[PDB]
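Remarks on the overall topology
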Amino acid sequence: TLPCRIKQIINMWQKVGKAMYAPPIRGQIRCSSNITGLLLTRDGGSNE
Amino acid sequence: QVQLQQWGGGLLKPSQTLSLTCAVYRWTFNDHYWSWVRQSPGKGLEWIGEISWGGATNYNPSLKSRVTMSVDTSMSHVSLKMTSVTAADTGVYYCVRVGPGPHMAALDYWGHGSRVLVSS
Amino acid sequence: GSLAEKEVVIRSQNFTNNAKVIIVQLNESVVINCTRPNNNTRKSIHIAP
Amino acid sequence: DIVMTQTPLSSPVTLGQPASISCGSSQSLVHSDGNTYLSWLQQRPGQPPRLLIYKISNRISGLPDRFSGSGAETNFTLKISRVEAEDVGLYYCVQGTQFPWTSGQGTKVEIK
Ligand SMILES: *[C@@H]1O[C@H](CO)[C@@H](O[C@@H]2O[C@H](CO)[C@@H](O[C@@H]3O[C@H](CO[C@H]4O[C@H](CO)[C@@H](O)[C@H](O)[C@@H]4O)[C@@H](O)[C@H](O[C@H]4O[C@H](CO)[C@@H](O)[C@H](O)[C@@H]4O)[C@@H]3O)[C@H](O)[C@H]2NC(C)=O)[C@H](O)[C@H]1NC(C)=O
Ligand SMILES: *[C@@H]1O[C@H](CO)[C@@H](O[C@@H]2O[C@H](CO)[C@@H](O[C@@H]3O[C@H](CO[C@H]4O[C@H](CO)[C@@H](O)[C@H](O)[C@@H]4O)[C@@H](O)[C@H](O[C@H]4O[C@H](CO)[C@@H](O)[C@H](O)[C@@H]4O)[C@@H]3O)[C@H](O)[C@H]2NC(C)=O)[C@H](O)[C@H]1NC(C)=O
Ligand SMILES: *[C@@H]1O[C@H](CO)[C@@H](O[C@@H]2O[C@H](CO)[C@@H](O[C@@H]3O[C@H](CO[C@H]4O[C@H](CO)[C@@H](O)[C@H](O)[C@@H]4O)[C@@H](O)[C@H](O)[C@@H]3O)[C@H](O)[C@H]2NC(C)=O)[C@H](O)[C@H]1NC(C)=O
Ligand SMILES: *[C@@H]1O[C@H](CO)[C@@H](O[C@@H]2O[C@H](CO)[C@@H](O)[C@H](O)[C@H]2NC(C)=O)[C@H](O)[C@H]1NC(C)=O
C-alpha cells in the first residue's frame, strides 16, 4: 500500500496568485484506475 | 473482517413492495459481489440474486419480473426491491458475500437476516 | 493511457542529457485501487450574499 | 433450474459416533472451466448459515479436523469423523456451479 494524504486547496499548474478549493464529496469514495506509464528521470551523473 | 448492518420492511401486506438494505463497512462492491438469499426451510436456502459495483446483476429467473437490485456506493449500501409480495415470500433475508467461482465459489459473512412477514 | 504494443518502450529524448525525462510506456497494464475510507457529511455556510 | 436434494432429513448420532450427509443434483455441477462446484454450509438456531467446506472438499482455515467431504458430478457427501454436540445444526448442500442457485432443504444433525 501507498499511504495517501488528502488535500483541498490546489495550486493548479503553479499559477501563483490563484488557487482552487475542492469542496468535499458526500462520503466513502473508492475508485480504481489503470497504470499505463511512468515519468522517470535518471540521476544525473555525479562528478565521480 | 467484513461487517454488515441490515434493516428493512419486516412486515408487508400482500401485493406490496419489499425493501431491504444492508450496509457494508469495509470494501467496494467489485471486491466481492453481494447476494440475497432467502431462507424458507421447505426449500432450504433460495437464491434471489446478486449485484456488483457496476450494477451488473444476475437474478433468479423466476423472480426476474419482480425483483430489482441496486448499489449506492457512496453510502456503501446494497438494496433489494421485490414487488408484489406474497405469502410465499415470508422468510429470512440475508446479505451474503460472494467470493469468485475460481477462488472458493462460496458464501460467507452472512448478515443476521431480516425477518420478513407477508400477512393481511 | 494507451498500452504498449508487443512490449515496453522507453522513448527518452536524449539519454546522454542528464536533464531529460524518460517517458515509459508499459506493456499490458497494472491495476491500482484507491480509497478514502471515511464517511463524511456536508455543511453549507452562507458566507457572503 | 437445477434441483438439489439432500438424502437425510435428519441424522441422530451419539456423541463420538461418525455421521455423513449425502446429497445430489439433477444435473452435473460442472462449470465451464471444467471444475465441479458445490459448497457446504451449516446453520445454528440463532445464527445465519456459515461456510464449512468450499468447492467439493476444501477446508476453510479454522474448520475442525472432524469435517471432510468428497463427490463428483451429481453425487456428493459431507462427512464428520466423530460428531460432537458442537456440530449440531442444519447442514446445507449448495449447488455452487450455476447462477439460479439452489440448495437442499437442510439436514438436521442431532445427538442420539
Ligand atoms: C489494501 O491492502 C491491505 C493489505 O492487504 C488491505 O488490508 C487487509 O484487509 C484484510 C481483510 O479484512 C485483512 O485480512 C484478515 O486478517 C484476519 C487476521 O486478523 C485476526 O487474527 C490475527 C491472528 O492471526 C489477530 O492478531 C488479529 O487481531 C485478528 O483477530 C483474518 O482472520 C481474516 O480471515 C478470516 O475470515 C476469512 C473469511 O472467509 C476466513 O477464510 C479466514 O480463515 C479467517 O477466519 C482476514 O484474512 C488483512 O489482515 C489486512 N491487511 C493489513 C496489512 O492490514 C486493505 O483493505 C486494502 N484496501 C483496499 C481499498 O483494497
Ligand atoms: C480513468 O481514471 C479515473 C481516475 O482518475 C478512474 O476513476 C473513476 O471511475 C469511475 C467509474 O468508471 C468514474 O465514473 C463514476 O462512476 C460512479 C458509479 O457509477 C455506477 O452507476 C452508473 C449508473 O449509470 C453505472 O453505469 C456504473 O457502472 C456504476 O454502477 C458514478 O456514481 C459517478 O457519478 C458522478 O455524477 C454523480 C451525479 O449525480 C455525482 O453524484 C458523483 O459524485 C459523480 O460525480 C461517475 O459516473 C469516475 O468519474 C472516475 N474518476 C475520475 C476523477 O474521473 C476511471 O475508472 C478510469 N477509467 C478508465 C477507462 O480507465
Ligand atoms: C454513513 O452514513 C450513512 C448516512 O448518511 C449511514 O446510513 C444510515 O444507517 C443507519 C443505520 O442504523 C440507518 O438508520 C436506521 O436504522 C434502523 C435500523 O436499526 C435498528 O434495527 C436493527 C435491526 O434491523 C438493529 O440491529 C439496530 O440496533 C436498531 O435497533 C432502521 O430501522 C431505520 O429505519 C433507519 O434505517 C439510516 O437510515 C441510514 N441512512 C440512510 C440515508 O439510508 C451509513 O451506515 C454510514 N456508514 C457507512 C456506509 O460506513
Ligand atoms: C483497464 O484495462 C482493462 C483491460 O484492457 C479494461 O477493461 C476491458 O478492456 C477490453 C479491451 O482490451 C474491452 O474489450 C472490455 O470490454 C473492457 N471491460 C471493462 C469492464 O471495461 C478497463 O476498462 C481498463 N480501465 C480500468 C479502470 O479498469
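Residues numbered from 1 in each chain as written, not as in the entry; some residues may be left out. Chains lettered and ligands numbered in written order. Part of a larger assembly, values for the part shown. Heavy atoms only, no water.

For this coordinate set, the PDB header names cryo-EM as the determination method and states a resolution of 3.99 Å.

Where the PDB entry is consulted, chain C appears under the name AMC009 SOSIPv5.2 envelope glycoprotein gp120, with the organism given as Human immunodeficiency virus 1. Recorded in the entry header as its title is "AMC009 SOSIPv5.2 in complex with Fabs ACS114 and ACS122".

As recorded in the PDB entry, chain A goes by the name AMC009 SOSIPv5.2 envelope glycoprotein gp120, listed as coming from Human immunodeficiency virus 1.

Residues and elements named next belong to chain D. Read from one edge of the open sheet, four strands run β1-β3-β8-β7, paired in antiparallel fashion. Single-partner strands in this sheet number two, and they are β1 (4-6) and β7 (67-72). Averaged over neighbouring strand pairs, the angle between their axes works out to 20° when direction is ignored. When β1 meets strand β3 (residues 19-25), the two strands line up antiparallel, connected through three bridges. The partner of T5 across the bridge, within β3, is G24. (Pairing = 2+ DSSP bridges. Helix = DSSP H or I, 4+ residues; strand = E, 2+ residues; numbered from the N terminus. Axes fitted to C-alpha atoms, helices over the stretch in contact; angles between N-to-C directions.)

Within the largest apolar cluster, 37 residues are counted, with the highest numbers of intra-cluster contacts made by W110 of chain B together with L38, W40, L41, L78 and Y91 of chain D. At the level of elements, β9 (91-98) of chain B together with β3, β4 (39-43), β5 (49-54), β8 (75-80) and β9 (89-94) of chain D are the ones that each hand at least two residues to this core. The next biggest cluster of nonpolar side chains, apart from the first, holds 23 residues, and it includes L18, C22, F29 and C95 of chain B. (Core = buried A, V, L, I, M, F, W, Y, C linked by side-chain atoms within 4.5 Å. Buried < 20%, exposed > 50% of the residue type's maximum accessible area, 1.4 Å probe, protein only.)

Another aspect to go through is the side chain of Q25 of chain C. Locating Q25 of chain C in the fold gives a position in strand β1 (residues 22-36). Classification of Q25 of chain C by relative accessible area gives buried; the value is 17%. A polar atom in the side chain of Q25 of chain C sits 3.0 Å from the backbone oxygen of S2 of chain C. What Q25 of chain C contacts, discounting residues up to four positions off in sequence, is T36 of chain A together with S2, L3, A4, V8, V9 and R11 of chain C. (Polar contact = N/O pair within 3.5 Å; in protein donor to acceptor, adjacent residues only side chain to side chain. Contact = heavy atoms within 4.5 Å.)

With respect to spatial proximity, the complete set of residues near ligand 1 consists of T1 of chain A, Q1, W27, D108 and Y109 of chain B, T35 of chain C together with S61 of chain D. The site occupied by ligand 1 is bordered by residues of chains A, B, C and D. A distance of 2.9 Å separates an oxygen atom of ligand 1 from a polar side-chain atom of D108 of chain B. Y109 of chain B places a polar side-chain atom, nitrogen or oxygen, 3.4 Å from an oxygen atom of ligand 1. Relative to its free-state accessible area of 1200 Å², ligand 1 is covered by the protein chains to the extent of 31%. (Near = heavy atom within 4 Å. Areas by Shrake-Rupley, 256 points an atom, 1.4 Å probe, with all protein chains shown as cover.)

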